[PDB]
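Next up: just one chain, as structure tokens, the form deposited without the named molecule.
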């Protein structure tokens, strides 16, 4: 017995076919079962046929026979169907309300989350359907990992490479950071690993958790936890105040953070606030300066990824008292220059999924484009705060929707925060890029930021572009372009000053091939977000939708502080690059 998810009317009915088993009242449960393939209704007892050996569980074929339930072939004379007059029979049938958005619920409840419109709907529906979609989406993700085969250790080459055997028949998962395995030995549980495909032979690369000498015969399954029910909304109702409510602003604010004076004020005069901080505009600067402007404020700094949390720590290590900070870590080697798992310190740095239950004066949520609605709900459910600051850039990378194979997910459907930034606009917008040369800045400014991103630097005259399709050779789940490595290898002898450049490409395997030939430090576009380097060498590798994504390209070319070389494959993005075109050797 609980509350219907659509209209909160109390009910004893749950849909036995939905993966979340939501509470649906008599009318909502009717409108769900008649227009979907979901027919199993659970109550204080399941709505199945009470006859010996009968397997009729379809509620639309079931009848209320006194106290029991029956199909047509086993019903008593005095009986009527459970589904009639727009209601499924159940407790509190007289006290129903019904809903006006059952249509969206049906599509959320029955989709397989492979289409982009499944995520669009999960972000344009009501708040209670946003939580149900996140539960159902994550439950489908965890369940779908069951179909992937187990990874058997075929050979242990080194402490960082090995050979894997794959189960015949069952599909194989893409080997990157998004897929996390659990290792067994036959009876110990070996640990928690990830995989990546290098360049030497059939060998993969592993980055494990608990140290262990894994032997031939060990098998890796996949890391699947349990999806917890959501209770808190993605965004609490916005509260506006005319004075700074709940905070004590300082009057001796240093020069470094005086430009953001009209910003932390807005943080104090609102319940939540959204700041869009494009690359190199001092996002982390704004976040840390909030702590100095409100020096007594207990502040929780959180993000999804460990690297985004660690970056906030390295910036905090410079301007904040070390003993008043803590890095919350769950049982990846992350920031380790604070005191670990000290929940009560004034400044808490912690990933979303590992957050504890506490309160705070201000909560800062960074890298908001990487956040899912599930994450937004968890933050509100774990952190009771006077002010929530959501920091990120909808024109940067989103969370990896592993099931999404059909369609393109636009930034306004990443989460509730990104949706507001793309519709009513963000509350604050850091519009001066102080990292990149004018060529890069002006390129992304017209590419994603609608000419709002301004350059604090001159043209560097060291940003070059080259159109050179080359040869694309794919492997197990990545792409490789050696001819594009060939151009860069040529470039590194003609321009020996660029030997200090970082190689960036949309693919892990090409980076390993880049490392093998060039020797440059390699970095995927995913792991490069929130980072900066003087020189950057980028090969687009392929002409796919993955390497042509403008958000991925925005992050890629905005890693440079001095110069960049873009070996391009797609015509449009090359023609949109405001760089000096180079002649093909």
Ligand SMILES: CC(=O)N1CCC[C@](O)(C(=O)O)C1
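Positions refer to the first chain, counted from 1. Between two forms, the rigid core is the largest collection of C-alphas that superpose within 1.5 Å.
Only in words, not in the display: the form deposited with the named molecule bound, which the text now covers.
Figure legend: unbound chain with the named molecule modelled from its position in the deposited complex by local C-alpha superposition. Site open, with zero ligand atoms within 2.4 Å of backbone or C-beta atoms. For the three residues 478, 508 and 546, a heavy atom within 4.5 Å of the named molecule turns up in the deposited complex in every case.
When you look in the deposited complex, the only residue of 178, 73, 265, 210 with a non-hydrogen atom within 4.5 Å of the named molecule is 178. Contact annotation: the named molecule lies within 4.5 Å of heavy atoms from the stretch 170-178 in the deposited complex, the single such stretch among 210-218, 170-178, 114-122, 157-165. For the listed set 173, 411, 81, 233, the sole C-alpha moving 2 Å or more between this form and the one not shown on a rigid core superposition is that of 81. Relative to the superposed core, residue 149 shifts its CA atom by less than 2 Å between this form and the one not shown. Once you line up the core between this form and the one not shown, the Cα of residue 257 stays within less than 2 Å of where it was.
A movement of the C-alpha atom of residue 123 falling short of 2 angstroms is seen between this form and the one not shown when the two forms are aligned on their rigid core.
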